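A short write-up of the structure that comes next.
As written, the chains take the letters A, B, C, D and E, and residue 1 is the first residue of each chain.
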Amino acid sequence: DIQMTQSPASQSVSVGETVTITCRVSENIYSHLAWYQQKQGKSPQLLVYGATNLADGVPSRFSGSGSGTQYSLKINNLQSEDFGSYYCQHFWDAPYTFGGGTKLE
Amino acid sequence: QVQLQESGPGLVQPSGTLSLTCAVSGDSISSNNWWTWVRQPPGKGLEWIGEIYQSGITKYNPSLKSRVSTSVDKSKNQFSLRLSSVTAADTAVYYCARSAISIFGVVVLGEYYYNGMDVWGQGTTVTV
Amino acid sequence: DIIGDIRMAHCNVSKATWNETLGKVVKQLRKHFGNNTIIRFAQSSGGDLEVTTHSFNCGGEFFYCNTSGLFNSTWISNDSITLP
Amino acid sequence: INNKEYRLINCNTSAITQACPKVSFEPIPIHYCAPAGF
Amino acid sequence: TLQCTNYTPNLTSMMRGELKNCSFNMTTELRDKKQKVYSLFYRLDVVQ
């Protein structure tokens, strides 16, 4: 099975700063990855599908990037509403494992 | 405008079987989507359970070896999980979601790709 | 090169016609091996693709179709089947 | 094709067989004969 | 000798690993020259 690693484990940042969350995969998944946001107890919502395509209805401040075995989500001008858990999922092979997750506070 | 809602009453006793049904409303289950289930234990990361297509084709997480089955019912626009032999590690919030795909060829040959698990439901808490 | 998306070659056989065909074949097989005998169909086993798959010339191309969706069943006394 | 670079005229379409130097090209009269019954 | 790579390595369909983009030094009309050729071959026709 493919192993998904998400890091930093946690962040402590201020409002208005830009942060990056990085997902590392043991195999090249050719951008078949998705970036979910879990708003502190709410069901996860989809931010990026396809690694680099903004999901419909998501603010433009969320922008995915990456290739090969390294993918990241950049959040510019971080607001209060964006704090919560973030998760990455590889769609390359089954089981579509979900990365351990990072907590942005 | 899919509005998913789980039921699936909890308080299942050890060595029993779960029955968790996700209702679909605002669309049919014959659209170009996989119906998927995930699990999130109370304080752990998010686990994938499995997917079922409109034709009855299923995919499961190998960790649930011969423990989980999925079904759909086109006359109800419903789908459900039947997870057998629960012990104690299965206490979690269970969620259903609509995993969207882009289809370019024949589905049974894998000629599709995923566009993310859009439209998550609210989740059902299941304890054992 | 290949223009457009890359897709797999395949063959379609309908389920109802094939199921009726096998029912007739089983009915006739039971006349040699007796009645109340279970007739099981299964996929081919070993050997080269020439004998393990359905080999044929389709428009000049040589297809090697799996067929393991056509021969799996046990017979005890529009919904197509797609063969890679 | 582009001392200057050239190729033999046949390289574009065909192979060449060198005729045997000991085989004459002088025409020999040929008499055509009918089979029996004709 | 062919030098091959995967034609579409990002597929998730049953053709992942099938259809390789192989390069080779092919002969041409003149015996002095060589032509670099790229072509697609099926996996079943090419042995590593």
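The working rule: contacts are C-beta pairs under 8 Å (C-beta built on N, C-alpha and C of every residue); 3 or more make two chains touch, one makes a residue touch a chain.
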{"item": "Labels of chains that are neighbours to chain D and to chain E", "value": "none"}
{"item": "Nearest-to-centre chain - CA centroid comparison", "value": "B"}
{"item": "Of A-B and C-E, whichever chain pair has more C-beta contact pairs", "value": "A-B"}
{"item": "Length of the line joining the C-alpha centres of chain A and chain E, rounded to whole Å", "value": "37"}
{"item": "Chain centre separation in whole Å, for chain E relative to chain B (CA means)", "value": "42"}
{"item": "Approximate Å spacing (C-alpha centroids) for the pair chain B, chain C", "value": "32"}
{"item": "Centroid distance [mean C-alpha coordinates] between chain D and chain C, Å", "value": "56"}
{"item": "Residue list for chain C, restricted to those that touch at least two other chains", "value": "7-8, 84"}
{"item": "Interface hub residues of chain B, defined as touching at least two other chains", "value": "105, 109, 111, 113"}
{"item": "Per-residue multi-chain contacts in chain A, two or more chains", "value": "32, 91"}
{"item": "Chains touching one another, given as label pairs in label order", "value": "A-B, A-E, B-C, B-E, C-E, D-E"}
{"item": "Residues of chain A that touch chain B when the two form their complex", "value": "1, 32, 34, 36, 38, 43-46, 48-50, 55, 87, 89, 91, 94-101"}
{"item": "Chain B residues touching chain E - in the complex, by the definition given at the top", "value": "105, 109-113"}
{"item": "Chain B residues touching chain A - in the complex, by the definition given at the top", "value": "38, 45-48, 59-63, 95, 100, 113-118, 120-123"}
{"item": "Interfacial residue positions of chain A with respect to chain E in the complex", "value": "28, 30-32, 91-93"}
{"item": "Contact footprint of chain C on chain B as seen in their complex", "value": "104-106, 108-109, 111"}
